[PDB]
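Chains as they are written, first to last, in the entry's author numbering: chain X, 26 to 125; chain 8, 7 to 48; chain U, 1 to 85; chain Z, 54 to 105; chain 7, 117 to 173. By construction, the Cβ of each residue, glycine as well, lies at the ideal position given by its N, Cα and C atoms. The next block holds one structure in the form of structure tokens; read it before the comments.
Structure, rendered in structure tokens:
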């Protein structure tokens with residue numbers, strides 16, 4: 026087993042812990058834990074609308090979200106002292122960049 | 007040593023997060039947008 | 001030369017005017033809405049729904065579970081310290 | 054050694070609970086009250102549009 | 117319309133309504149949302165004016 030694969034499990038568990046337990050029973054009013062992902066959605070939306078400017082611009086709006094959030098979450102986990110390096114494996118991250 | 011380990015489990019989580027966020031977590035908020043605008047416009 | 005008749009031509013009028021759309025919209029909007037926060041089901045228990053009810057509703061909404069989750073990582077790797085170093 | 058870094062983190066989280074969380078409280082409260090205000094006002098407005 | 121006014125007075129749970137009830141009262145909701153994802157117009161037009169963008173930038 027790998028502690029880095031366990032870190033990926035922690036990533037997916039926090040990602041579940043950003044929307045699901047966040048949503049107080051599918052309310053219109055958009056509670057305080059939901060305002061976080063609301064603002065993140067809008068600051069990526071207003072970013073990549075004016076960035077690529079396509080007539081069909083939102084089609085790549087999903088991937089730019091999921092390429093953001095992985096890097097946004099994996100650099101909020103090792104911030105805790107007693108951890109191991111998540112994003113500091115240059116092999117994995119540069120491999121991701123080569124894929125992109 | 008463990009380039010295969012980190013790379014393979016990372017790619018599996020990449021495919022998971024792409025299909026996951028796309029099918030669930032973005033349009034669950036887009037429904038909130040469309041619902042608020044459909045109440046406000048009536 | 002004869003009696004003209006526009007007092008009673010509201011029969012096929014009441015589709016064409018513009019607030020008819022808003023009227024038929026919100027007579028549909030108002031019937032199935034629950035009255036006063038009814039059917040709320042304010043308590044549910046699935047061994048962790050109490051955690052959401054105490055922490056993750058609109059009322060409490062304070063960052064403390066993050067704090068708890070912060071301590072969770074403080075709980076996690078340090079024990080792995082005792083497994084490794 | 055590494056307990057010094059967690060001690061800095063405890064001081065930082067003390068500063069966060071002192072400083073940031075009431076500001077984000079005010080921010081979320083302002084956005085919440087604004088959304089609830091506009092959402093209730095549109096409903097009352099088309100109530101009066103029915104009354105017209 | 118008097119019945120609609122009476123229904124309007126007692127049935128406004130305006131800070132606690134579930135969007136699932138809005139999907140249940142309007143399949144137009146899910147129809148427009150699904151067509152919006154299928155075309156990909158993630159921009160919601162007519163939204164920024166009365167509801168703020170609220171982001172950092």
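At least one CB atom of chain X sits nearer than 9 Å to the CB of residue 24 (chain 8). For the pair residue 46 (chain 8) and residue 55 (chain Z), the Cα-to-Cα distance works out to about 54 Å. Residue 46 (chain U) carries a coil assignment under DSSP once its states are collapsed to helix, strand and coil. Legend: CB atoms of the segment 82-95 of chain Z lying less than 8 Å from CB atoms of chain 8 belong to residues 88, 91, 92 and 95.
A distance below 9 Å separates the beta carbons of residue 120 (chain 7) and residue 23 (chain U). DSSP places residue 68 (chain X) within a helical segment (H, G or I) once states are collapsed to three.
No Cβ of chain Z is located within less than 9 Å of the beta carbon of residue 138 (chain 7). Chain-order list of chain 8 residues neighbouring residue 27 (chain X): 8, 11, 12 and 15, by C-beta distance under 8 Å. Neighbours of residue 46 (chain X) in chain U, taken as residues whose beta carbon is under 7 Å from its own, are 52 and 56 in chain order.
Not one beta carbon of chain 7 lies nearer than 9 Å to the beta carbon of residue 58 (chain X).
Interface residue (Cβ-Cβ distance to chain 7 less than 9 Å): residue 78 (chain Z) is not classified as such. In this structure, the beta-carbon distance from residue 53 (chain X) to residue 84 (chain Z) does not fall below 9 Å.
Counting C-beta atoms within 10 angstroms of its own C-beta, residue 10 (chain 8) has fewer than 16 neighbours from the protein chains shown and is therefore classed as exposed. Contact check between the segment 100-113 of chain X and the segment 31-42 of chain X: three or more CB pairs, one atom from each, fall below 8 Å, which counts as touching. The beta-bridge partner set that DSSP reports for residue 134 (chain 7) consists of 52 (chain X). Residue contact with chain Z for residue 37 (chain 8): absent (no Cβ-Cβ distance below 9 Å to any residue of chain Z).
Proximity of chain X to residue 61 (chain U) at the Cβ level (cut-off 7 Å) is accounted for by 56, 57 and 58, in chain order. Taking a cut-off of 8 Å for Cβ pairs, the segment 13-27 of chain 8 and the segment 81-99 of chain Z do not touch, as fewer than three such pairs fall below it. Listed along chain U, the residues sitting closer than 8 Å to residue 129 (chain 7) by beta-carbon distance are 33, 34, 35, 36, 37 and 38.
Contact annotation for residue 58 (chain Z) against chain X: 106 and 107 [CB-CB distance below 9 Å, chain order].
For a Cβ distance threshold of 7 Å, residue set 37 of chain U lies close to residue 132 (chain 7), ordered along the chain. With at least 16 other beta carbons inside 10 angstroms of its own, residue 41 (chain 8) counts as buried. DSSP places residue 114 (chain X) outside both helix and strand once states are collapsed to three, so it counts as coil. In the three-state DSSP reduction, residue 66 (chain Z) falls in the helix class (H, G or I). Here residue 67 (chain X) is buried. Its C-beta has 16 or more other C-beta atoms within 10 Å.
Annotated three-state conformation of residue 102 (chain X) is coil, per DSSP. Classified as buried, residue 26 (chain U) has 16 or more neighbouring CB atoms from the shown chains inside 10 Å of its CB. Between the segment 124-138 of chain 7 and the segment 34-50 of chain U, the count of Cβ pairs shorter than 8 Å is three or higher; the stretches touch. Straight-line measurement puts the Cα of residue 105 (chain X) at about 11 Å from the Cα of residue 76 (chain U). Nearest CB-CB separation between residue 159 (chain 7) and chain X: below the 9 Å threshold. Excluding sequence positions up to five before and after residue 39 (chain X), its CB lies within less than 7 Å of the CB of 98, all in the same chain and listed in chain order. Between residue 90 (chain X) and residue 69 (chain X) a beta carbon distance of about 6 Å is seen, short of the 8 Å cut, so the two are scored as contacting. In the pairwise beta carbon analysis, the segment 25-36 of chain 8 is classified as touching the segment 136-156 of chain 7: at least three pairs are separated by under 8 Å.
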